[PDB]
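Chains as they are written, first to last, in PDB author numbering: chain Y, 1 to 25; chain p, 10 to 137; chain 1, 2 to 98; chain 3, 5 to 67; chain c, 20 to 235.
In what follows, a single structure is set out as structure tokens and then discussed.
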Amino acid sequence: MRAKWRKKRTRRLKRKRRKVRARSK
Amino acid sequence: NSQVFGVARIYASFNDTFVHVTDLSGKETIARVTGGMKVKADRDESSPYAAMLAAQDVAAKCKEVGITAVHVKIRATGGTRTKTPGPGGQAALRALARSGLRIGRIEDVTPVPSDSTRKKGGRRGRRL
Amino acid sequence: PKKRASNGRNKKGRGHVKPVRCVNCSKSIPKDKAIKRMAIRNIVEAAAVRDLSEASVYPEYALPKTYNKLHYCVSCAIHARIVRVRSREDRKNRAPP
Amino acid sequence: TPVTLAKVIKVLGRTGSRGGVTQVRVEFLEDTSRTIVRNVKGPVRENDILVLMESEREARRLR
Amino acid sequence: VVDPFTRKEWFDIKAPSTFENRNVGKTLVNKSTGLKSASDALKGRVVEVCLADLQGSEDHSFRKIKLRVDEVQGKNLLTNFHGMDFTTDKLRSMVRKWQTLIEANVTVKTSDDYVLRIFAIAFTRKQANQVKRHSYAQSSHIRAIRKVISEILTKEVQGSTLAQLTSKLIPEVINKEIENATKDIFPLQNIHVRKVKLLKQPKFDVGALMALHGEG
RNA sequence: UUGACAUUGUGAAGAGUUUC
RNA sequence: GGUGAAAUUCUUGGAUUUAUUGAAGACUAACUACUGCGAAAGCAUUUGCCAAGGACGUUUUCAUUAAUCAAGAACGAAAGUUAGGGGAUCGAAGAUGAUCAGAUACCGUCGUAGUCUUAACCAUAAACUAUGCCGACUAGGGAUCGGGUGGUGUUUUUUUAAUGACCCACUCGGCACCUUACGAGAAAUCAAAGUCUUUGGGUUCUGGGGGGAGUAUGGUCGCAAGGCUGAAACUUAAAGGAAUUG
């Protein structure tokens, strides 16, 4: 698959992990 | 040179063909017809033979009202579009000269801009 | 690997040009890129010329002509057979036919 | 009906995908000033005449 | 089931005095009925015409003129100078690669109150042994050229009406004068005055209207 | 709010004897 | 109308098209090129002001002031953002019409953001010449920009001129292009990608098989988007690039 696309998948996954840990406090 | 001059506006796209006629004034138009009028297929709308008959009936009405000579002015769609005339242009035009209305004073007034607004296709275009 | 010293066409000193819209496929592509072809033709094609010469007031009057500067897109051209593929040296050469 | 005739000046060549059609030039045989191109179906050589319904079309390459 | 074509009357379009073939032609107008006027529907009209037809000259084939309906009179109607224009195949022939295309403009009023924008054009040229292949000019070149062209434009439109302006336009006085002026800098072939537009016009002035008309 | 009737006179012009 | 072809869509409200006039906001075509400018990103109608800058020229001036540079700093497409203004056009979104096994897409129709700018931000792209900067040197040719030298040159008409351009010849500084490979190369291909096992001109920075991984954490800047830095286990004997033959 595309590298730009892998990179964006990771961008979202990281934003999500951040949302999680922020809810976790 | 007593023959009265109108003007025939030939808009020749590939979607259809317009043979419009007025007097030398664009106001009080005389005759207006297409191949989109002269056949029901929806594919050959702009095609020569249909625009051929378009010019045929144009000349017919030109006579029935008494118009005898014409200055011709052709255009493609223009603006920012293909910028090329359609085959209906030549077809109706030749057929006009054949039908025998006096012909003259040819030109292409197809509008051309100074680098004007953007186009359909979004940088990457109507890819087929 | 590299296939053209051009890298396609000649910018080769500036860093930028402005683009255009291909007449068929519309594609925005740079101007120093952007395959070009002039096109001169008549409006009175070789038999309708004769018909007009008879149907014409203003004898001999003129043959105006349609002048169009087509900015082509690459593959659009390639399928139009504006051009075809060429071998290594046929590519190296820059001469018209 | 507005029929006309025209004798072949030149068999231009076989265009059309299947090798059935052939481009021809014909003199309209009433006005030798009239030499027009058309397309045909069948086997053809020179000197022969076609019976033309439309004297106006003058079609082009065929596929 | 009405056929207005057997209802509309006909009228004869006539040109100003500075033209020779002033019988411009014929046109169709609906019959002036009650509470609606053929003459007004005609007043609201304009017509484009080739200068070769205006003058009989085949040198005048490319210049073309809008002519505006000012006065309608008893199957006839007097036209005014509405503006000139310049055919397109000629332009695109003229405009070629390997040279510098130049344009100049100015807005100015006539002697009489006619506000006019004017547009002239020219192109660079090689000279008789110049083996290099483009013959471009420089910034100062183009700048002073456009400067002087605008200068002369303002001068001669000042010293004129629509009448004097057109009377100089037909013989192409202006191109020759700009050539005389701009020869000092550069060869600069292919001088033309491409376009002119009427922006503002004075009150109707039927007197001078008939004056310029009122003959033939 | 819509329409009418009057307040409401003075001239014209004109579409379908008309009264708009 | 619009297309491979269709359809949506608009049309007694007379559309499409004709024409007069006006507005809007837009972008600056043909000139537009193996040509210019600029730190790069990038930069074009017109005109005026502001200051700046290169090259050239220069029997001007000062005398080593400088070259590369971690840290630190100014710039930085497009997208994006906050608040105003502006929003013709296009147009992720979005809704529709087609096609097709489906189409959540290509394609047709409409159309929101933005697209325009403004006061602040963000600091990323093939931001590529994928070739660090400073300086030395080596091999020819002809184009060519700008500056510069000469011409009992051309042309420009006047009374020579002066000038203006143009041609020939020569020189600085730029874009670069072509032949040959002398040299280099893995091979492509390169007058620098040469001077290199005969291994050293100065200087900054970067890289060590692939995956995991610019992932994770932490720090830190950022309103956000995100950015800067930046792992590890674990898994892996192939991945990889140049050229040929098929």
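Even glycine gets a Cβ: it sits at the ideal position worked out from N, Cα and C.
Counting only beta-carbon separations shorter than 8 angstroms, does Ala60 (chain p) have a partner in chain 1? Judged by the 8 angstroms Cβ criterion, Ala60 (chain p) is not in contact with chain 1.
Using 8 angstroms as the Cβ pair cut-off and three pairs as the minimum, do the region 101–108 of chain p and the region 39–58 of chain 1 touch? Short answer: they touch.
Just to check my reading of the structure: residue 255 (chain c) and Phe100 (chain c) have Cβ atoms closer than 8 angstroms, yes? What is that Cβ distance to the nearest angstrom? Outside the displayed range of chain c (20 to 235) lies residue 255 (chain c), so it cannot be described from this structure.
Taking a contact to mean a Cβ-Cβ separation below 8 angstroms, would you say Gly87 (chain p) touches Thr126 (chain p) in this structure? No, they are not a contact pair.
Would you say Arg64 (chain c) and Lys36 (chain p) are within 8 angstroms of each other, going by their C-beta atoms? yes
Report the residue from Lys50 (chain c), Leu188 (chain c) and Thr119 (chain c) whose alpha carbon sits nearest the alpha carbon of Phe105 (chain c). The candidate whose alpha carbon is nearest that of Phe105 (chain c) is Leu188 (chain c).
Is the Cβ of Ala104 (chain p) closer than 8 angstroms to any Cβ of chain 3? yes
As an exercise, report each continuous alpha helix (DSSP H) stretch of at least 4 residues that is fully enclosed by the region 54–131 of chain c, in chain order. 57–62, 70–74 and 107–113
So what does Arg111 (chain p) bridge to, in DSSP terms? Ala78 (chain p)
Alpha carbon to alpha carbon, how far is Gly131 (chain p) from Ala64 (chain p)? Give it in angstroms, no decimals. Spanning the two alpha carbons is a distance of roughly 37 angstroms.
How is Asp52 (chain 1) classed by DSSP in three states: helix, strand or coil? helix
Taking 8 angstroms as the limit between beta carbons, can you name the residues of its chain near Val7 (chain 3), skipping five residues before and five after? Cβ neighbours of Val7 (chain 3) within its own chain (closer than 8 angstroms, five residues either side excluded): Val55, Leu56 and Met57.
Is the Cβ of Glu34 (chain 3) closer than 8 angstroms to any Cβ of chain 1? no
Could you tell me which chain p residues have their CB closer than 8 angstroms to the CB of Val68 (chain c), listed as they occur along the chain? Counting only Cβ-Cβ distances below 8 angstroms, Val68 (chain c) has contacts in chain p at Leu33, in chain order.
By Cβ distance below 7 angstroms, which residues in the same chain neighbour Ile193 (chain c) in space, the five residues on each side in sequence not counted? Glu175, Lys187 and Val212
Can you give the Cα-Cα distance for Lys45 (chain c) and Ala200 (chain c), rounded to whole angstroms? 43 angstroms
Under 8 angstroms Cβ to Cβ from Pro122 (chain p), same chain only, skipping five residues before and after it: list those, please. The answer, listed in chain order, is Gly88 and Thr89.
Please confirm if the region 60–80 of chain 1 is in contact with the region 27–37 of chain 1, defined as three or more CB-CB distances below 8 angstroms between the two stretches. yes
Does the CB of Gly44 (chain p) have a neighbour CB from chain 1 at under 8 angstroms? no
Whose C-beta lies closer than 6 angstroms to the C-beta of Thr37 (chain c) among residues of the same chain, with five residues either side of it excluded? The answer, listed in chain order, is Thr185 and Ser186.
Chain 1 contact for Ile53 (chain 3) (CB, 8 angstroms cutoff): no
Strictly below 7 angstroms CB to CB, what residues from chain c border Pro65 (chain 1)? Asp108
Is the CB-CB distance between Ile171 (chain c) and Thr119 (chain c) below 8 angstroms? no
Go ahead and pull the three-state DSSP assignment for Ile32 (chain c). strand
Please list the terminal residues of the continuous alpha helix (DSSP H) segment that includes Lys93 (chain 1). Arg89 to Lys93
If you pair each beta-carbon of the region 84–96 of chain c with each one of the region 55–73 of chain c, do three or more pairs fall below 8 angstroms? yes
Quick one: any contact between the region 1–8 of chain Y and the region 48–58 of chain p, if contact means 3 or more CB pairs under 8 angstroms? no
Cβ neighbours of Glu54 (chain p) in the same chain (closer than 8 angstroms, five flanking residues each side left out): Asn24, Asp25, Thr26, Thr43, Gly44, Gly45 and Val48
In the DSSP output, which residue or residues are listed as bridge partners for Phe142 (chain c)? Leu120 (chain c)
Minimum Cβ-Cβ distance from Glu50 (chain 3) to chain p less than 8 angstroms: no
Out of curiosity, what's the CA-to-CA distance linking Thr36 (chain 3) and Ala10 (chain 3)? 10 angstroms
Pairwise C-alpha distance: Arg18 (chain p) and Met61 (chain p): 15 angstroms
Apply the 10 Å Cβ neighbour rule to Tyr155 (chain c) and answer buried if 16 or more other Cβ atoms are within range, or exposed otherwise. exposed
Do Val41 (chain 3) and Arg22 (chain 3) count as a contact pair if the criterion is CB distance below 8 angstroms? no
Beta-carbon proximity list for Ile39 (chain p), same chain, < 8 angstroms, skipping 5 on both sides: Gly15, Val30, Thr31, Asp32, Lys70, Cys71, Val74 and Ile76
Measure the alpha-carbon distance for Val21 (chain 1) versus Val75 (chain 1) and round it to whole angstroms. Taking C-alpha positions only, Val21 (chain 1) is separated from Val75 (chain 1) by approximately 13 angstroms.
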